[PDB]
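Only one chain is shown below, in structure tokens, and it's the form deposited in one PDB entry.
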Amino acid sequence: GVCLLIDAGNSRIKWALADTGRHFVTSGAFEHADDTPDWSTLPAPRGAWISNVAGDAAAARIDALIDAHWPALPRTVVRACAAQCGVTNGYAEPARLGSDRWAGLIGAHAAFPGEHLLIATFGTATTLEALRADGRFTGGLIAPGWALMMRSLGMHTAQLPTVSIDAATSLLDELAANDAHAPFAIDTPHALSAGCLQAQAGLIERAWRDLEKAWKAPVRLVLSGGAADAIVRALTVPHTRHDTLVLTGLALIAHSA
């Protein structure tokens, strides 16, 4: 019955064991450089389905973990394609879309049936994808995430005061503690943090409003990936968080005909 689902990204592997397209028996997560998951306890899976955007070392690690537990287990390295699980890929070259993004589109299509979606994923980059209710993925936008913008300004811009990666964390925590209002600032470090917050929220809000106007129907803004607490609090438009779009999509792929 059960399928092992692996969602490997920059530093973290998230995983689930699924007995259907939508149901997880259990799940967890671990850092790929250091950790080993507790899989000694799991029922043996029929196969594994893997989304890996973390590179070849992570691929070798995933294989090592799989084969240490279930030698020679069948596995499928998931990739974007032209059409799958109700989604049609609008990319000019479908296979150039990231596997995590493809699995996530499939999960969203299933999780929110009958709905036009704008999917915002918060990672190193902030990614926005437009998904029609009929399953057409019509395209994307990518912008730097808040920390990446803050690195540009605080560490890579000579003419601005130094704001370290760790100092940016402080400013982000303070934004959240202030419910992410981000007023015009009266000191330069706060001008950086508030301007970067305003860019993130402004991006998402603009894209959502324009998509409703373009498609002439309601659009659900779906938040995926990192918590992005300050960004989420700043938004003035309605939104729905879903934390397992990629794993859900992998379950669907695994249990498809």
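Throughout, rigid core stands for the largest set of C-alpha atoms superposing within 1.5 Å between the two forms. Each residue number is its position in the shown sequence, starting from 1.
What comes next is about the form deposited in another entry, which is not displayed.
In a rigid core superposition between this form and the one not shown, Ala177 is the single residue of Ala177, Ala82, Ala92, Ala72 whose Cα is displaced by 2 Å or more. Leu192 is among the residues whose C-alpha shifts by 2 Å or more between this form and the one not shown once the rigid core is aligned.
Taking the rigid core as fixed, one finds a CA shift for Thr138 smaller than 2 Å between this form and the one not shown.
Taking 2 Å as the criterion, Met150 counts as shifted between this form and the one not shown: its C-alpha moves by at least this amount when the rigid core is aligned.
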